[PDB]
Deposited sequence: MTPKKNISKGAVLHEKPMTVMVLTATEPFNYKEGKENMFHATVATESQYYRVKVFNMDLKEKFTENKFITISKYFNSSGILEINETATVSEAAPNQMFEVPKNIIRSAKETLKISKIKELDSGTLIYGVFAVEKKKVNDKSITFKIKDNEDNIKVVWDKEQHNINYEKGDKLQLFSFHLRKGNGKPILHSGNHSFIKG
């Protein structure tokens, strides 16, 4: 149980780090038979992070503008994964800082699709996008999301419930032989 529910190959960070919680999502079930998870966005003086939390006992600590310290958390390609191995404490005023405004704006900022298509395959994509279609198949749901200059197709095979201006969390970029698409993954989540 040390690296349980953590994406494989993730690095372990023993050293404590103090962050400010920007956003958090409601817990949801990402797979049959396993505990729920939620997505979060946090920030330090130097950068903003995207976070997956698998210990539901930590949900209360993840509230807007709350300062917390995390130890023994995991890092999977610039993304922080937290399970029961991690220690999370409400921060003391001594390590409390001010988060630069530009970082927060950036955290709210959504990447553009044109640049998205240029990323390495398997990169995790987060953002708010505009929707042009909803196509329903037995085993998948397909969206087309747009910006001012481009569009990409989104595939969701996970469940058809709760699917009906769209915020996406942890979708997988695929530059196939074909054109690029965004595909659902282990931790893929959709908000309105």
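Comparing the deposited sequence with the modelled residues, the stretches lacking C-alpha coordinates are 1, 166-170.
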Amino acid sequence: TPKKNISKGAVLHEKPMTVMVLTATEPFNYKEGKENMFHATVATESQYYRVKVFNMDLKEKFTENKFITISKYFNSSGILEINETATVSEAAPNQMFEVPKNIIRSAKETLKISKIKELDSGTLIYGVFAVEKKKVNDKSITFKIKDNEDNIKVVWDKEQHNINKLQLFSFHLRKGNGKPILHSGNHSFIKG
From here on, numbers count along this sequence of modelled residues.
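167-175 and 10-18 differ in mean CA B-factor, and the higher of the two is recorded for 10-18. Mean CA B-factor, 87-95 versus 74-82: the higher value falls on 87-95. Going by the entry's values, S46 shows the largest Cα B-factor out of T123, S46, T41, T142. Ranked by C-alpha B-factor against the other modelled residues of its chain, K135 falls in the lowest third.
For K146, the recorded CA temperature factor ranks within the highest third of the chain's modelled residues. Annotation for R50: CA B-factor lies in the lowest third of the chain's modelled residues. Sorting the modelled residues of the chain by their CA temperature factor places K34 in the highest third. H161: CA B factor in the highest third of modelled residues in this chain (values from the PDB entry).
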